[PDB]
Amino acid sequence: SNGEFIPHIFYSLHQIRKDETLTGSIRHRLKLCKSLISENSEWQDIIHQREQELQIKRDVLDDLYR
Amino acid sequence: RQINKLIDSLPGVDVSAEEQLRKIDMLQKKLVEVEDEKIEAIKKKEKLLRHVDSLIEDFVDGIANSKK
């Protein structure tokens, strides 16, 4: 997901933690973050499989030449 | 003049026939030989087609063992 929308919330959150509209805006951005993350070792395994296909075919052509 | 052009355009005739008969026999021999050559060529082409077939079943076995 996008990582540029999170420090914007952290700035105001820092201000509130140091001290309705401020926390209201913070929540208004946090909802957009909720919908964003909701919309958006494992892949390694998958990588190998895809290449497995490529390797078998290369071996066949190499069977023709040799 | 058309008659002169036609009698001059006719194929080369001969007073004897042994030439013609000889030509016929020779042509027969050539026919037999070229037939045999055809047979051989057909055989070789068949062999090659068998080979590239073999390649194709290799590929099919590959993808079959692959995606499923």
# chains A, B, ... in the order shown; residues from 1 in each chain; ligands from 1
>>> interface_residues(of="chain B", to="chain A", cutoff="8 Å", atoms="only C-alpha atoms", output="PyMOL selection string")
chain B and resi 55+58-59+62-63+66
>>> select_by_dssp(residues="chain A", states="alpha helix (DSSP H)", output="NGL selection string")
:A and (7-18 or 21-39 or 42-65)
>>> residues_around(residues="region 2-10 of chain A", least_positions_apart="4", cutoff="10 Å", atoms="only C-alpha atoms", output="mmCIF file with N, CA and C atoms, in the first residue's frame")
data_model
loop_
_atom_site.group_PDB
_atom_site.id
_atom_site.type_symbol
_atom_site.label_atom_id
_atom_site.label_comp_id
_atom_site.auth_asym_id
_atom_site.auth_seq_id
_atom_site.Cartn_x
_atom_site.Cartn_y
_atom_site.Cartn_z
ATOM 1 N N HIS A 14 1.014 13.167 17.315
ATOM 2 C CA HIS A 14 2.045 13.661 18.219
ATOM 3 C C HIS A 14 1.581 14.919 18.936
ATOM 4 N N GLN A 15 0.990 15.862 18.194
ATOM 5 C CA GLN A 15 0.513 17.089 18.825
ATOM 6 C C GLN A 15 -0.547 16.805 19.886
ATOM 7 N N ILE A 16 -1.494 15.909 19.593
ATOM 8 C CA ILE A 16 -2.548 15.594 20.556
ATOM 9 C C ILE A 16 -1.970 14.883 21.775
ATOM 10 N N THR A 23 -8.925 15.582 16.419
ATOM 11 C CA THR A 23 -9.135 14.138 16.397
ATOM 12 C C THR A 23 -10.138 13.741 15.322
ATOM 13 N N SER A 25 -10.343 15.135 12.294
ATOM 14 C CA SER A 25 -9.557 15.033 11.068
ATOM 15 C C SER A 25 -8.662 13.802 11.091
ATOM 16 N N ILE A 26 -8.048 13.517 12.245
ATOM 17 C CA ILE A 26 -7.211 12.325 12.371
ATOM 18 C C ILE A 26 -8.009 11.078 12.013
ATOM 19 N N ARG A 27 -9.216 10.951 12.569
ATOM 20 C CA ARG A 27 -10.065 9.811 12.236
ATOM 21 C C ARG A 27 -10.507 9.844 10.778
ATOM 22 N N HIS A 28 -10.733 11.039 10.226
ATOM 23 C CA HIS A 28 -11.121 11.144 8.822
ATOM 24 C C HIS A 28 -10.036 10.607 7.900
ATOM 25 N N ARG A 29 -8.764 10.775 8.271
ATOM 26 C CA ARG A 29 -7.696 10.167 7.483
ATOM 27 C C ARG A 29 -7.549 8.681 7.794
ATOM 28 N N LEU A 30 -7.732 8.302 9.063
ATOM 29 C CA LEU A 30 -7.598 6.901 9.448
ATOM 30 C C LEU A 30 -8.621 6.019 8.745
ATOM 31 N N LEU A 32 -9.750 6.539 5.652
ATOM 32 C CA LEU A 32 -9.189 6.354 4.317
ATOM 33 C C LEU A 32 -8.059 5.335 4.335
ATOM 34 N N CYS A 33 -7.267 5.316 5.410
ATOM 35 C CA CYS A 33 -6.243 4.283 5.538
ATOM 36 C C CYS A 33 -6.869 2.902 5.701
ATOM 37 N N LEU A 36 -7.975 1.833 2.370
ATOM 38 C CA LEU A 36 -6.812 1.593 1.521
ATOM 39 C C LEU A 36 -6.202 0.224 1.796
ATOM 40 N N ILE A 37 -5.852 -0.042 3.057
ATOM 41 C CA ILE A 37 -5.265 -1.334 3.403
ATOM 42 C C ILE A 37 -6.270 -2.458 3.189
ATOM 43 N N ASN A 40 -6.116 -3.146 -0.738
ATOM 44 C CA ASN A 40 -4.870 -3.791 -1.137
ATOM 45 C C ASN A 40 -4.681 -5.118 -0.407
#
>>> atom_distance(atom1="CA of residue 65 (chain B)", atom2="CA of residue 45 (chain A)")
17.7 Å
>>> atom_distance(atom1="CA of residue 23 (chain B)", atom2="CA of residue 11 (chain B)")
14.7 Å
>>> decode(residues="chain A", atoms="C-alpha atoms", output="short mmCIF file (atom, residue, chain, number, x, y, z; two decimals), in the first residue's frame")
data_model
loop_
_atom_site.label_atom_id
_atom_site.label_comp_id
_atom_site.auth_asym_id
_atom_site.auth_seq_id
_atom_site.Cartn_x
_atom_site.Cartn_y
_atom_site.Cartn_z
CA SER A 1 0.00 0.00 0.00
CA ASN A 2 0.92 3.69 0.06
CA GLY A 3 3.21 4.73 2.90
CA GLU A 4 2.96 8.51 2.41
CA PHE A 5 -0.40 8.95 4.20
CA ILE A 6 0.80 7.69 7.61
CA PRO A 7 3.29 10.37 8.80
CA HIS A 8 0.58 12.95 8.06
CA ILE A 9 -1.54 11.29 10.74
CA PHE A 10 1.43 10.83 13.07
CA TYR A 11 2.19 14.56 13.12
CA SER A 12 -1.23 15.53 14.50
CA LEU A 13 -1.25 12.45 16.75
CA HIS A 14 2.04 13.66 18.22
CA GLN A 15 0.51 17.09 18.83
CA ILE A 16 -2.55 15.59 20.56
CA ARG A 17 -0.35 13.35 22.70
CA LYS A 18 1.76 16.35 23.76
CA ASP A 19 -1.18 18.52 24.87
CA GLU A 20 -13.18 17.47 18.39
CA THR A 21 -11.99 18.86 15.05
CA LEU A 22 -8.36 17.73 15.42
CA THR A 23 -9.14 14.14 16.40
CA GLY A 24 -11.99 14.36 13.90
CA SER A 25 -9.56 15.03 11.07
CA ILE A 26 -7.21 12.33 12.37
CA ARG A 27 -10.07 9.81 12.24
CA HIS A 28 -11.12 11.14 8.82
CA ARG A 29 -7.70 10.17 7.48
CA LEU A 30 -7.60 6.90 9.45
CA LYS A 31 -10.80 5.78 7.72
CA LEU A 32 -9.19 6.35 4.32
CA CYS A 33 -6.24 4.28 5.54
CA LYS A 34 -8.67 1.54 6.60
CA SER A 35 -10.26 1.42 3.15
CA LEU A 36 -6.81 1.59 1.52
CA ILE A 37 -5.26 -1.33 3.40
CA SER A 38 -8.58 -3.18 3.09
CA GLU A 39 -8.53 -2.84 -0.70
CA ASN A 40 -4.87 -3.79 -1.14
CA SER A 41 8.42 -16.88 1.99
CA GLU A 42 5.08 -17.23 0.20
CA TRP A 43 6.00 -15.64 -3.13
CA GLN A 44 9.40 -17.38 -3.06
CA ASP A 45 7.87 -20.84 -3.43
CA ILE A 46 5.71 -19.42 -6.22
CA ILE A 47 8.79 -17.96 -8.03
CA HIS A 48 10.40 -21.40 -8.21
CA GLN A 49 7.31 -23.02 -9.72
CA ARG A 50 7.03 -20.54 -12.60
CA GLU A 51 10.68 -21.10 -13.42
CA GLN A 52 10.09 -24.87 -13.26
CA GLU A 53 8.00 -24.59 -16.42
CA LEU A 54 10.70 -22.58 -18.17
CA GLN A 55 13.39 -25.12 -17.22
CA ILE A 56 11.50 -28.15 -18.53
CA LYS A 57 10.97 -26.56 -21.94
CA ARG A 58 14.63 -25.53 -22.22
CA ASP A 59 15.60 -29.14 -21.47
CA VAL A 60 13.41 -30.36 -24.34
CA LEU A 61 15.06 -28.10 -26.92
CA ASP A 62 18.44 -29.17 -25.52
CA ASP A 63 17.24 -32.71 -26.20
CA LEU A 64 16.85 -31.78 -29.85
CA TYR A 65 20.33 -30.28 -30.27
CA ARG A 66 22.34 -32.89 -28.35
#
